[PDB]
C-alpha cells in the first residue's frame, strides 16, 4: 500500500517512444531522469489541481472530469473525456 | 489623409533601445525589418479586435479600455489603464 | 433505473451524413466532437458575456456573438460563419 | 459634477498607511493597483464561478473561493491567504 | 385549440438545436438576458464549424480509404488547416497522435 | 428605532470593501446566488495580496531612497518575488520597465 | 555476417511508426502507480477512475510530445540533433514554466 | 587621440540604463501614425484617444521586450550573443504564435 520509487516506472524506452512520437532522432542519456522530473512536476501541478477539485467535490476518487478540467485551466485543453 | 509607410516610423534606434530594455547585447542587421513586420502582425491581431470592440460599441473613437481588453484577451494583460 | 446524460450525438451524426452520405464515425471521434462543440460554445459564450459586460449591456444578441466570432474565429472562417449566421437569422426572422 | 467613477483609491491608501507610515503613492501606481485588484478579482471570481458550475452549484461561498485560491495562488501565498481568509470569516461570523 | 409545435432548428433550417443552445446559454450564466437571434447565430456557427471539420475528416478518411472517421483522422484534419490550427493551437485530441511532421534536417542525405 | 449603520469590512476587521466586492460578484454575473462569507474571504485575499505587494513596494522605495511608490517600485516588487512572478507572468506593469537582469554570457570577463 | 542497420534509420522507422500509429506509449500500470504515488503525497487515501488514469496518460504523453517538439526545434536551432538538458530548460523557460 | 570605447561596453551601459530607466522607447507621434495606418486598413477615418495610443505603445514595447527576452535566451542557447531572425522565429514558434 506504500509507494516509494514509482518515478522509475516510466521506463527509459517509454521516454524513447514519447520522443519518437514527438519526432526525435537522438536522445541523450541525461534526458530520461530530468524528463521524469519535468513530468513529475507537471503531474504535481495537474494532480494538485485535481485533488483540490476532488476535495472541493467531497468525493474520494479522482475522476476524468477533474483531470480534463485541471488541464483545461492551464491552457492544456484535452478532448475526448466528456468535456 | 492616406498613410502609406509608417513601418519605417518605428526607427532602427527605437528597435535598438527596445532590445536594450530586452537585455539584448547585440542585434543583427536583419532584425529590424523583421521586428517591424512582427510588430505589424501583433498590431493586426490587437487593433483588428480593438476596432471590432469599437463598432461593437458603435463608437468612432478608439478608447484605451478597448486596447486593454484586446491585450488581455490575448493573455498579454496590461496594467495601468483600466477604469 | 438510470439518469439521462446529454450529448451532441444526433446533430453531429446528421451533419456527417449530410456532408458525406457514405462515411461513418467511431465512438471516440464522437466524444471528441462532443468536447469540441462544448469548448467552442463555452469560448463564444464567455467572450459574448465579456462584450456584454464591457459596454454595460445585460442582453446577448446575435450582434454580440457576431463580434465574438469575429474576435475568435481567424480569417476566412469568420466571414463564412458570418454568412451562415446571417442566413440563419434571416430564415428565423422570416419565419 | 459628473457620474462618479468608482475606484479602490482610499482603500489601498489605508493599506499603505497601515503597512508603511512614511511611504507615499503615485497616481499611476494607484492606477496599477486598480488594475491589480480588478485583475485578481476577475481571475478568482471567474474560476470560482466555473467551480460553482462544475458541481452544479447555484451558490458561490467561501469554500469555492478558498479552493480557487488553492488553484490560482501558489504555495505559501495560497496557504497564508487561506489563513487570513479564515480569520476574516471567523471575525465576520462573530461580528 | 393550439398550434403544432415546430422547432426553431427547423425554422432556421439548421440541424443544431436552437432550443438546447439557448438553454445552455441561459444556464451557463453569461448574461441576465439573451436575445432570440443569438442562439440561432451561435448554432449556425457551430454547425458550420462541425460541417467543415467533418468534411476534412471524411476526406482524410477516404484518403486513408476508411469509411469511418477516427480520432487519428481528426488530428490529421485539424493540423492540416492553418485556421483550424489557429483555433485549436493549445487543444489536445485524445488518441489521435500527431500530424506526421519530420524536420528537414532529420531526413537522411 | 433603526440600528447604527456599521460596515462589514470593520465587522470583519478589514479595509477592503466587503460590500463592493459582494456587489461586483452580483453584477459580474458569476452565479445566481453568492454565499455571505465569499466576499469577506475575497476581500481578505485581495487585502493580503495588496498588503504584501505594497510592503515590498515601500521596501523597494526605501531601498531607492524615495518616499513615494513609483510604478518602477511595483515592477521591481513583482519580479523579485518568484511566487508573485508566477502569479503575474503574463501581466505587464505600465511604466515599470523590466527587472534588471543580464545573462552572464553577455557580461565581460 | 549478420545484418545490422546503421545508427538512425531504426529511429526514423520508429518516427514513422509512432507518428503514423496512435496508441499509448507509457506502460499503463507503472504510470498508474506513479500517479497514485504522487496523489498519495497530497491528500491521503485516493482512488482513481480508470478513465482518469488514461486521461492523465493521454495528457502526459501529449505534453511530453509538445516538449520534445520544442526541444527538437531547440536542438536544430543549436545545429544539433541530439537534445540536451538545456534544451528542455529553454523550452520550459520560453513557454514560461 | 580622441577617446574611444570598445564595442558592447556602451551597449552594456545602455542595457543597465534601460532596465534602470522606465520611460517609453518608441517615439509617440510616429507610433500614432502607425496605429492610424493600421486602423484605416480596417475602418477608415478612425479617431484615437491619446491614452489609447499610449496604451498601445506600452503594450507594443512590452510585447517586443518580452520577445527579445525570449530571443536573447534563444541566442545564448545557440552559443551566440547576437540575435538572428531564426532566433525570433524560434521564440515566436515555441511561444505558440
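Don't overthink the numbers, they just go from 1 along the chain as shown.
Method of determination (from the header): electron microscopy, 11.0 Å.
Cβ from N, Cα, C; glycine included.
As given in Swiss-Prot:
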type: MOD_RES; residues: G:20; note: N6-(2-hydroxyisobutyryl)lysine
type: MOD_RES; residues: G:20; note: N6-lactoyllysine
type: MOD_RES; residues: G:20; note: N6-methyllysine
type: MOD_RES; residues: G:21; note: phosphoserine
type: MOD_RES; residues: G:43; note: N6-(beta-hydroxybutyryl)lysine
type: MOD_RES; residues: G:43; note: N6-lactoyllysine
type: MOD_RES; residues: G:43; note: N6-methyllysine
type: MOD_RES; residues: G:43; note: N6-succinyllysine
type: MOD_RES; residues: G:43; note: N6,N6-dimethyllysine
type: MOD_RES; residues: G:79; note: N6-glutaryllysine
type: MOD_RES; residues: G:86; note: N6-glutaryllysine
type: MOD_RES; residues: G:86; note: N6-methyllysine
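Features per Swiss-Prot, on structure.
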| residue | record | Cβ contacts under 8 Å, 6 or more apart |
| --- | --- | --- |
| G:20 | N6-(2-hydroxyisobutyryl)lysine | none |
| G:21 | phosphoserine | none |
| G:43 | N6-(beta-hydroxybutyryl)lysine | none |
| G:79 | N6-glutaryllysine | none |
| G:86 | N6-glutaryllysine | none |
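Among the modified residues G:20, G:21, G:43, G:79, G:86, none has a Cβ under 8 Å from a Cβ of chain F. Listed modified residues G:43, G:79, G:86 compared with chain E at a CB cut-off under 8 A give none as close ones. Contact with chain H, taken as any Cβ pair under 8 Å, is found for the modified residues G:86 out of G:20, G:21, G:43, G:86.
Among the modified residues G:21, G:43, G:79, G:86, the ones with a Cβ under 8 Å from a Cβ of chain A are G:43. DSSP gives residue G:43 (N6-(beta-hydroxybutyryl)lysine) a coil state; it is part of no helix or strand.
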